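A.B. asks: I'm passing along data-v5.tsv; it holds TSV, N, CA, C and O atoms and all ligand atoms.
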```tsv
chain	number	residue	atom	x	y	z
K	1	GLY	N	99.70	-111.19	-16.67
K	1	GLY	CA	99.95	-112.61	-16.93
K	1	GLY	C	101.29	-112.96	-16.33
K	1	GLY	O	102.20	-112.12	-16.34
K	2	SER	N	101.47	-114.18	-15.83
K	2	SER	CA	102.72	-114.59	-15.22
K	2	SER	C	103.12	-116.00	-15.66
K	2	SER	O	102.26	-116.81	-16.02
K	3	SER	N	104.42	-116.27	-15.64
K	3	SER	CA	105.08	-117.52	-15.98
K	3	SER	C	106.53	-117.37	-15.54
K	3	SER	O	107.00	-116.25	-15.29
K	4	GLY	N	107.27	-118.48	-15.51
K	4	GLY	CA	108.67	-118.54	-15.12
K	4	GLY	C	108.88	-119.86	-14.41
K	4	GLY	O	108.60	-119.96	-13.21
K	5	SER	N	109.35	-120.88	-15.13
K	5	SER	CA	109.58	-122.22	-14.60
K	5	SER	C	110.94	-122.69	-15.11
K	5	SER	O	111.29	-122.39	-16.26
K	6	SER	N	111.70	-123.43	-14.30
K	6	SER	CA	113.03	-123.91	-14.65
K	6	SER	C	113.27	-125.34	-14.14
K	6	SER	O	112.32	-126.01	-13.72
K	7	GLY	N	114.52	-125.81	-14.19
K	7	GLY	CA	114.94	-127.14	-13.77
K	7	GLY	C	115.35	-127.88	-15.03
K	7	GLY	O	114.49	-128.42	-15.73
K	8	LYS	N	116.63	-127.81	-15.38
K	8	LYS	CA	117.17	-128.45	-16.57
K	8	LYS	C	118.65	-128.72	-16.31
K	8	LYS	O	119.47	-127.80	-16.36
K	9	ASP	N	119.00	-129.99	-16.07
K	9	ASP	CA	120.37	-130.37	-15.79
K	9	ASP	C	121.28	-130.13	-16.99
K	9	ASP	O	120.96	-130.45	-18.14
K	10	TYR	N	122.45	-129.57	-16.69
K	10	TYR	CA	123.53	-129.26	-17.61
K	10	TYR	C	124.39	-130.52	-17.72
K	10	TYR	O	124.74	-130.97	-18.81
K	11	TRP	N	124.75	-131.07	-16.56
K	11	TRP	CA	125.53	-132.29	-16.41
K	11	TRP	C	124.61	-133.49	-16.69
K	11	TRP	O	123.45	-133.30	-17.08
K	12	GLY	N	125.10	-134.72	-16.51
K	12	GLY	CA	124.34	-135.95	-16.71
K	12	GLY	C	123.82	-136.06	-18.13
K	12	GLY	O	122.67	-135.72	-18.41
K	13	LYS	N	124.67	-136.48	-19.07
K	13	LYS	CA	124.33	-136.63	-20.48
K	13	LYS	C	124.96	-137.92	-20.96
K	13	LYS	O	126.08	-137.92	-21.47
K	14	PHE	N	124.22	-139.01	-20.74
K	14	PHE	CA	124.53	-140.39	-21.06
K	14	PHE	C	123.27	-141.06	-21.61
K	14	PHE	O	123.30	-141.67	-22.68
K	15	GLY	N	122.14	-140.92	-20.91
K	15	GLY	CA	120.84	-141.47	-21.28
K	15	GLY	C	120.19	-140.56	-22.31
K	15	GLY	O	120.87	-139.80	-23.01
K	16	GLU	N	118.87	-140.65	-22.45
K	16	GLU	CA	118.11	-139.84	-23.38
K	16	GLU	C	117.05	-139.08	-22.61
K	16	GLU	O	116.41	-139.60	-21.68
K	17	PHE	N	116.88	-137.83	-23.00
K	17	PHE	CA	115.97	-136.90	-22.37
K	17	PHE	C	115.08	-136.28	-23.45
K	17	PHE	O	115.54	-136.08	-24.57
K	18	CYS	N	113.81	-136.01	-23.14
K	18	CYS	CA	112.92	-135.40	-24.13
K	18	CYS	C	113.48	-134.02	-24.39
K	18	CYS	O	113.52	-133.24	-23.44
K	19	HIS	N	113.85	-133.69	-25.63
K	19	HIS	CA	114.40	-132.39	-25.99
K	19	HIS	C	113.59	-131.26	-25.35
K	19	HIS	O	114.17	-130.38	-24.71
K	20	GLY	N	112.26	-131.32	-25.46
K	20	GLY	CA	111.37	-130.31	-24.91
K	20	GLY	C	111.41	-130.13	-23.40
K	20	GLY	O	111.20	-129.01	-22.95
K	21	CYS	N	111.69	-131.16	-22.59
K	21	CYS	CA	111.71	-130.95	-21.13
K	21	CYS	C	113.06	-131.21	-20.44
K	21	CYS	O	113.22	-130.91	-19.26
K	22	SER	N	114.03	-131.79	-21.16
K	22	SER	CA	115.36	-132.16	-20.67
K	22	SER	C	115.28	-133.26	-19.59
K	22	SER	O	116.32	-133.65	-19.07
K	23	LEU	N	114.09	-133.78	-19.24
K	23	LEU	CA	113.94	-134.84	-18.24
K	23	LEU	C	114.21	-136.17	-18.92
K	23	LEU	O	113.83	-136.38	-20.08
K	24	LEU	N	114.86	-137.05	-18.17
K	24	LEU	CA	115.28	-138.40	-18.54
K	24	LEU	C	114.04	-139.25	-18.79
K	24	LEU	O	113.05	-139.12	-18.06
K	25	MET	N	114.08	-140.10	-19.82
K	25	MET	CA	112.99	-141.00	-20.17
K	25	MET	C	113.45	-142.45	-19.99
K	25	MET	O	114.64	-142.69	-19.78
K	26	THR	N	112.52	-143.40	-20.03
K	26	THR	CA	112.82	-144.82	-19.82
K	26	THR	C	111.98	-145.76	-20.70
K	26	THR	O	112.47	-146.80	-21.14
K	27	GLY	N	110.71	-145.42	-20.91
K	27	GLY	CA	109.74	-146.16	-21.69
K	27	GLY	C	109.87	-145.86	-23.19
K	27	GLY	O	110.97	-145.54	-23.65
K	28	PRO	N	108.78	-145.99	-23.97
K	28	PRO	CA	108.82	-145.73	-25.39
K	28	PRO	C	109.05	-144.23	-25.64
K	28	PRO	O	108.86	-143.39	-24.75
K	29	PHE	N	109.52	-143.91	-26.84
K	29	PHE	CA	109.80	-142.56	-27.30
K	29	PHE	C	109.58	-142.51	-28.81
K	29	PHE	O	109.38	-143.54	-29.45
K	30	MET	N	109.66	-141.31	-29.39
K	30	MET	CA	109.48	-141.09	-30.82
K	30	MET	C	110.74	-140.41	-31.34
K	30	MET	O	111.36	-139.62	-30.61
K	31	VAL	N	111.13	-140.71	-32.58
K	31	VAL	CA	112.32	-140.15	-33.21
K	31	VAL	C	111.94	-139.59	-34.58
K	31	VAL	O	111.39	-140.29	-35.44
K	32	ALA	N	112.34	-138.33	-34.80
K	32	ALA	CA	112.14	-137.54	-36.00
K	32	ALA	C	113.02	-136.29	-35.89
K	32	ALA	O	113.42	-135.90	-34.79
K	33	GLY	N	113.33	-135.68	-37.04
K	33	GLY	CA	114.13	-134.47	-37.13
K	33	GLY	C	115.46	-134.56	-36.39
K	33	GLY	O	115.90	-133.53	-35.88
K	34	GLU	N	116.07	-135.74	-36.31
K	34	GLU	CA	117.33	-136.04	-35.62
K	34	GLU	C	117.36	-135.64	-34.14
K	34	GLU	O	118.43	-135.46	-33.56
K	35	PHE	N	116.19	-135.52	-33.50
K	35	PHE	CA	116.03	-135.17	-32.09
K	35	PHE	C	115.38	-136.37	-31.37
K	35	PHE	O	115.26	-137.45	-31.96
K	36	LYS	N	115.03	-136.23	-30.09
K	36	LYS	CA	114.40	-137.27	-29.27
K	36	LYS	C	113.35	-136.58	-28.40
K	36	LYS	O	113.62	-135.50	-27.86
K	37	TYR	N	112.18	-137.20	-28.21
K	37	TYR	CA	111.12	-136.61	-27.42
K	37	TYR	C	110.30	-137.64	-26.66
K	37	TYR	O	110.22	-138.80	-27.07
K	38	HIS	N	109.68	-137.20	-25.56
K	38	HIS	CA	108.79	-138.11	-24.82
K	38	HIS	C	107.62	-138.40	-25.79
K	38	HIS	O	107.30	-137.51	-26.59
K	39	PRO	N	106.91	-139.54	-25.67
K	39	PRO	CA	105.78	-139.90	-26.55
K	39	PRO	C	104.57	-138.97	-26.40
K	39	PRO	O	103.59	-139.07	-27.13
K	40	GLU	N	104.64	-138.04	-25.44
K	40	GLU	CA	103.66	-137.03	-25.08
K	40	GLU	C	104.09	-135.61	-25.47
K	40	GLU	O	103.36	-134.67	-25.17
K	41	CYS	N	105.29	-135.42	-26.03
K	41	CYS	CA	105.80	-134.09	-26.36
K	41	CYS	C	106.18	-133.86	-27.83
K	41	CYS	O	106.91	-132.90	-28.12
K	42	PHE	N	105.75	-134.72	-28.74
K	42	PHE	CA	105.97	-134.60	-30.17
K	42	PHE	C	104.60	-134.11	-30.64
K	42	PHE	O	103.68	-134.90	-30.83
K	43	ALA	N	104.42	-132.78	-30.73
K	43	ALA	CA	103.15	-132.16	-31.09
K	43	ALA	C	103.30	-130.99	-32.07
K	43	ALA	O	104.39	-130.43	-32.20
K	44	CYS	N	102.19	-130.62	-32.74
K	44	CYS	CA	102.19	-129.49	-33.69
K	44	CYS	C	102.51	-128.27	-32.84
K	44	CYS	O	101.74	-128.00	-31.92
K	45	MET	N	103.55	-127.51	-33.18
K	45	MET	CA	103.97	-126.33	-32.42
K	45	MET	C	102.81	-125.39	-32.12
K	45	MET	O	102.45	-125.16	-30.97
K	46	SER	N	102.18	-124.90	-33.19
K	46	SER	CA	101.09	-123.96	-33.13
K	46	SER	C	99.83	-124.47	-32.42
K	46	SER	O	99.34	-123.81	-31.51
K	47	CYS	N	99.31	-125.66	-32.78
K	47	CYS	CA	98.06	-126.16	-32.20
K	47	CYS	C	98.16	-127.09	-30.97
K	47	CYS	O	97.13	-127.38	-30.37
K	48	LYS	N	99.33	-127.62	-30.62
K	48	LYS	CA	99.57	-128.51	-29.47
K	48	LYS	C	98.98	-129.93	-29.53
K	48	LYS	O	99.05	-130.63	-28.51
K	49	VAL	N	98.42	-130.37	-30.66
K	49	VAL	CA	97.88	-131.72	-30.82
K	49	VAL	C	99.03	-132.71	-30.70
K	49	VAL	O	100.10	-132.45	-31.26
K	50	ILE	N	98.82	-133.80	-29.97
K	50	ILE	CA	99.83	-134.83	-29.78
K	50	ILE	C	99.84	-135.71	-31.03
K	50	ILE	O	98.77	-136.09	-31.53
K	51	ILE	N	101.03	-135.96	-31.57
K	51	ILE	CA	101.23	-136.82	-32.73
K	51	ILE	C	101.58	-138.18	-32.14
K	51	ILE	O	102.29	-138.27	-31.14
K	52	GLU	N	101.04	-139.22	-32.77
K	52	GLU	CA	101.20	-140.61	-32.39
K	52	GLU	C	102.03	-141.33	-33.46
K	52	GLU	O	102.30	-140.76	-34.52
K	53	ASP	N	102.46	-142.56	-33.19
K	53	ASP	CA	103.28	-143.40	-34.06
K	53	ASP	C	102.54	-143.84	-35.33
K	53	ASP	O	102.09	-144.98	-35.48
K	54	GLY	N	102.43	-142.92	-36.27
K	54	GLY	CA	101.78	-143.12	-37.55
K	54	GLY	C	101.15	-141.84	-38.06
K	54	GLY	O	101.03	-141.69	-39.28
K	55	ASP	N	100.75	-140.91	-37.19
K	55	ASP	CA	100.14	-139.66	-37.64
K	55	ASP	C	101.19	-138.80	-38.33
K	55	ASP	O	102.30	-138.61	-37.83
K	56	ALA	N	100.84	-138.32	-39.51
K	56	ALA	CA	101.63	-137.50	-40.41
K	56	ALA	C	102.17	-136.21	-39.80
K	56	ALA	O	101.42	-135.24	-39.61
K	57	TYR	N	103.46	-136.18	-39.46
K	57	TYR	CA	104.12	-134.99	-38.93
K	57	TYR	C	104.77	-134.28	-40.13
K	57	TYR	O	104.81	-134.83	-41.24
K	58	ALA	N	105.26	-133.06	-39.94
K	58	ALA	CA	105.92	-132.27	-40.97
K	58	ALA	C	107.05	-131.50	-40.30
K	58	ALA	O	106.89	-131.05	-39.16
K	59	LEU	N	108.18	-131.37	-40.99
K	59	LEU	CA	109.37	-130.68	-40.50
K	59	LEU	C	109.66	-129.45	-41.34
K	59	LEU	O	109.25	-129.35	-42.50
K	60	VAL	N	110.37	-128.52	-40.72
K	60	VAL	CA	110.77	-127.24	-41.27
K	60	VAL	C	112.30	-127.19	-41.34
K	60	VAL	O	113.00	-127.91	-40.62
K	61	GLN	N	112.81	-126.32	-42.20
K	61	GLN	CA	114.23	-126.07	-42.41
K	61	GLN	C	114.89	-125.51	-41.14
K	61	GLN	O	116.12	-125.44	-41.06
K	62	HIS	N	114.11	-125.05	-40.16
K	62	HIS	CA	114.52	-124.51	-38.87
K	62	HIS	C	113.99	-125.45	-37.77
K	62	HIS	O	113.23	-126.38	-38.07
K	63	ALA	N	114.35	-125.21	-36.51
K	63	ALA	CA	113.90	-126.00	-35.37
K	63	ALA	C	112.41	-125.74	-35.13
K	63	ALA	O	112.04	-124.89	-34.32
K	64	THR	N	111.51	-126.43	-35.83
K	64	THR	CA	110.07	-126.28	-35.72
K	64	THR	C	109.43	-127.58	-36.24
K	64	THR	O	110.04	-128.27	-37.06
K	65	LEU	N	108.22	-127.91	-35.78
K	65	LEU	CA	107.50	-129.12	-36.17
K	65	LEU	C	106.02	-128.77	-36.30
K	65	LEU	O	105.47	-128.08	-35.44
K	66	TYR	N	105.38	-129.24	-37.37
K	66	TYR	CA	103.97	-129.01	-37.65
K	66	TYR	C	103.29	-130.33	-38.00
K	66	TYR	O	103.92	-131.39	-38.04
K	67	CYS	N	101.97	-130.28	-38.15
K	67	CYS	CA	101.14	-131.43	-38.50
K	67	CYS	C	100.98	-131.43	-40.03
K	67	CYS	O	100.91	-130.34	-40.59
K	68	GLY	N	100.82	-132.58	-40.69
K	68	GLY	CA	100.66	-132.62	-42.14
K	68	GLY	C	99.46	-131.80	-42.64
K	68	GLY	O	99.54	-131.10	-43.65
K	69	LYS	N	98.35	-131.81	-41.89
K	69	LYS	CA	97.14	-131.07	-42.26
K	69	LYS	C	97.36	-129.56	-42.34
K	69	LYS	O	96.83	-128.92	-43.24
K	70	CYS	N	98.09	-129.00	-41.38
K	70	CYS	CA	98.39	-127.58	-41.23
K	70	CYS	C	99.69	-127.12	-41.87
K	70	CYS	O	99.76	-125.97	-42.30
K	71	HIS	N	100.74	-127.96	-41.97
K	71	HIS	CA	101.99	-127.55	-42.62
K	71	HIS	C	101.72	-127.27	-44.11
K	71	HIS	O	102.50	-126.65	-44.81
K	72	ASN	N	100.55	-127.72	-44.57
K	72	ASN	CA	99.97	-127.58	-45.88
K	72	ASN	C	100.02	-126.10	-46.30
K	72	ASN	O	100.24	-125.81	-47.47
K	73	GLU	N	99.86	-125.18	-45.34
K	73	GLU	CA	99.89	-123.75	-45.59
K	73	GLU	C	101.31	-123.23	-45.87
K	73	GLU	O	101.49	-122.26	-46.61
K	74	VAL	N	102.33	-123.84	-45.25
K	74	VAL	CA	103.74	-123.47	-45.38
K	74	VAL	C	104.30	-123.93	-46.72
K	74	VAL	O	105.32	-123.40	-47.17
K	75	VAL	N	103.65	-124.89	-47.37
K	75	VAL	CA	104.09	-125.43	-48.64
K	75	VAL	C	103.24	-124.92	-49.80
K	75	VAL	O	103.80	-124.66	-50.87
K	76	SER	N	101.92	-124.76	-49.63
K	76	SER	CA	100.97	-124.29	-50.65
K	76	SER	C	100.95	-125.06	-51.98
K	76	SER	O	100.31	-124.59	-52.92
K	77	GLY	N	101.55	-126.24	-52.07
K	77	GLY	CA	101.64	-127.11	-53.24
K	77	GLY	C	100.53	-126.99	-54.29
K	77	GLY	O	100.75	-126.48	-55.39
K	78	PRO	N	99.33	-127.50	-53.99
K	78	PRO	CA	98.17	-127.49	-54.88
K	78	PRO	C	97.38	-126.17	-54.88
K	78	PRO	O	96.22	-126.17	-55.30
K	79	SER	N	97.92	-125.07	-54.34
K	79	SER	CA	97.29	-123.76	-54.28
K	79	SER	C	97.92	-122.84	-55.34
K	79	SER	O	98.83	-123.24	-56.07
K	80	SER	N	97.40	-121.61	-55.45
K	80	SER	CA	97.87	-120.61	-56.40
K	80	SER	C	99.08	-119.86	-55.83
K	80	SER	O	100.22	-120.18	-56.15
K	81	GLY	N	98.84	-118.90	-54.94
K	81	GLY	CA	99.88	-118.08	-54.32
K	81	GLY	C	99.90	-116.75	-55.04
K	81	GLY	O	99.20	-115.83	-54.57
K	101	ZN	ZN	108.39	-134.17	-22.05
K	102	ZN	ZN	97.91	-128.55	-36.41
```
For this file, write the structure as structure tokens.
C.D. replies:
Amino acid sequence: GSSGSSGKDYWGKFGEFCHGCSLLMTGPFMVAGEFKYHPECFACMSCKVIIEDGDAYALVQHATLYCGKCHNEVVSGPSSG
């Protein structure tokens, strides 16, 4: 298996860039977890489903993001354990 891709400016930090790609944005964006992302890059870490402006996202105590349906396992609220 192979991978290895780069291109992330160190300099030029005035505008806003999707945290996930470091590329500059111009149109609409989403804000959560005190970060910034392209409207196409705010997704459940594990499953990759794109979250939209209203779909229930979930945050973790660490740099991670999940969907409300699946973060359900990390909380176990109405379950036994
Ligand atoms: Zn992006
Ligand atoms: Zn999910």
A.B. asks: Suppose you want the space between atom O of residue 71 of chain K and atom O of residue 59 of chain K; what is it in Å?
C.D. replies: 7.6 Å
A.B. asks: With all atoms listed in the file as the atoms that count, which of K:63, K:72, K:42, K:36 lies nearest to residue 22 of chain K?
C.D. replies: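 For residue 22 of chain K, the nearest of the candidates is K:36.
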A.B. asks: Give me the chain K side of the contact with ligand ZN 102 (chain K), cut-off 6 Å, one line per residue showing its nearest atom pair and distance in Å at one decimal, counting only N, CA, C and O atoms and all ligand atoms, sorted by chain and residue number, as a Markdown table.
C.D. replies:
```
| residue | atom | partner | partner_atom | distance |
| --- | --- | --- | --- | --- |
| K:44 | CA | K:ZN102 | ZN | 5.2 |
| K:47 | CA | K:ZN102 | ZN | 4.8 |
| K:66 | C | K:ZN102 | ZN | 5.9 |
| K:67 | N | K:ZN102 | ZN | 4.7 |
| K:70 | CA | K:ZN102 | ZN | 4.9 |
```
A.B. asks: Smallest atom-to-atom distance to residue 53 of chain K: which of K:79, K:13, K:31, K:7, using only C-alpha atoms?
C.D. replies: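 Result for the nearest residue to residue 53 of chain K: K:31.
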A.B. asks: So which residues of chain K fall under strand (DSSP E) by DSSP, listed as JSON, numbers by chain?
C.D. replies: {"K": [30, 31, 32, 35, 36, 37, 57, 58, 59, 65, 66, 67]}
